[PDB]
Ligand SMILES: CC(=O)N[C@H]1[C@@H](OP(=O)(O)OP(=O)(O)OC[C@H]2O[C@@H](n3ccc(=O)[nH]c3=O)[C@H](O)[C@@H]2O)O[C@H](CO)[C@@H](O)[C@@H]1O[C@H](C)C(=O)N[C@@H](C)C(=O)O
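To begin, one chain is listed below as structure tokens, in the form solved without the named molecule.
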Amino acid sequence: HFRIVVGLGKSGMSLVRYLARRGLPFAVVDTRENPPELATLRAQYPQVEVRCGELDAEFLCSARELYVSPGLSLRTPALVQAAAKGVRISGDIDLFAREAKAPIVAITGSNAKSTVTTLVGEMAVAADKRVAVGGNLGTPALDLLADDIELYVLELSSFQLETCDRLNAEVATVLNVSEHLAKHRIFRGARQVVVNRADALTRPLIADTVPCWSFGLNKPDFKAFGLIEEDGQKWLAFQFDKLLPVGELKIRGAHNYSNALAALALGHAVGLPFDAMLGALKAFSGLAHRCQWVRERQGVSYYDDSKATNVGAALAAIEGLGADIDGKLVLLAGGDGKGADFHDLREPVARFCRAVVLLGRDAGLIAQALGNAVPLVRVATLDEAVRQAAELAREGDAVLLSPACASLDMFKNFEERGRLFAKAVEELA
């Protein structure tokens, strides 16, 4: 107990692995009497001291560092007592930041984190880098640590950044902010930043004193990635250099063009050559249920954006795909809204939608927020939502599942909702 892992779960087990494989002395504690991972720990690491129940503050103060699971309150009185006593309140990313021996690309934001992370990951692979990609919900960062790595690409949550004293990223970004200081801990020690010209809350104080690259959907200036319009066609661009027509991407929607430009900026900051980045961009087809094409039927396209589980995400996808088609959107939305203010959807819906089909627990709340902006239809099931959306759509339109809500009121998770949407779409005559 020179070091104590505080809290089991995904990251805690990666700390157990890391500390043990490095031979370091450590113990494990958890507040629950029978945490789910207790059996796995007791079986895979029988030699590790494990204490379950009310945290022994005296035991926690016998360590120099506590590695606190991200989704565990730092307000726990024993942690407060340990923190009041001088113990380092740490975590997996804090330890990773101090152990890493290669530059880190560090990505957070309210939305688009996994899209941009995986794209930078594919750029790095295409550039022949010995790259390691992880963080947040993916591969635990500590499982990536090795001397042969040339580049780390880390997606980070605010919770992981809370106990990280100085990440010292080579380049860091907050992609966007929607309902910020926790996110901005990603900039502590950052040697470069990438900012979103469309979101003022992404610009850190250090953007005045370290290299600052930007992305956005308007025409870029120096040190900026953006869109150039020429010959009626839109191009991804760096400064005055057209890179690629957006039509050669396999991902759709202006929000995904923004994600591509963010990834280009991140890869550029760490020296990835443009030919490698552009090759990966042409090959990148996006992640499952991130505005994914399902079908083209009678001139109408169908897109599964089931992972738009919050209002900021749906707004971006509505505006994004709405600006990327020949017609109007027929939007499918609703589900468990988690108390969100849906008013921000009214203007994008009025601007881009022919109609909205609403289902799920909070369809009524969404209807209240949308008012009479566009024609609304209420349905009971996803199958009926798709059938009605197809009848409402006209040639050139896109039918978009971008629900702005969690799915747990009717589905196991957003993946199941997306799959059942695609199934219904594929069963249309």
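Start at 1 and count along the sequence shown; that's the residue number.
Not pictured, yet referred to below: the form solved in complex with the named molecule.
When the named molecule is superposed onto this form from its pose in the deposited complex, three or more of its atoms come within 2.4 Å of a backbone or C-beta atom, and the site is therefore classed as blocked. A heavy atom within 4.5 Å of the named molecule in the deposited complex is found for exactly one of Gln160, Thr202, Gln192, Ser90: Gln160. Checked against the named molecule in the deposited complex, the residues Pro103, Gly279, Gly286, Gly138 give one hit for a heavy atom within 4.5 Å, which is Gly138. Segments offered: 354-362, 202-210, 266-274, 68-76. Contacting the named molecule in the deposited complex at heavy atom distances within 4.5 Å is 68-76. Taking the partner from the other structure, the named molecule in the deposited complex has a heavy atom within 4.5 Å of a heavy atom of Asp30. Taking non-hydrogen atoms only, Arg419 never approaches the named molecule to within 4.5 angstroms in the deposited complex. Between the rigid parts that turn between this form and the one not shown, the hinge residue, out of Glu347, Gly286, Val379, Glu391, is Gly286.
Relative to the shown form, the Cα atoms of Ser258 and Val356 move apart by 3 Å or more in the deposited complex. With a change of no less than 3 Å, the CA-CA distance between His255 and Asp326 is larger in the deposited complex than in the form shown.
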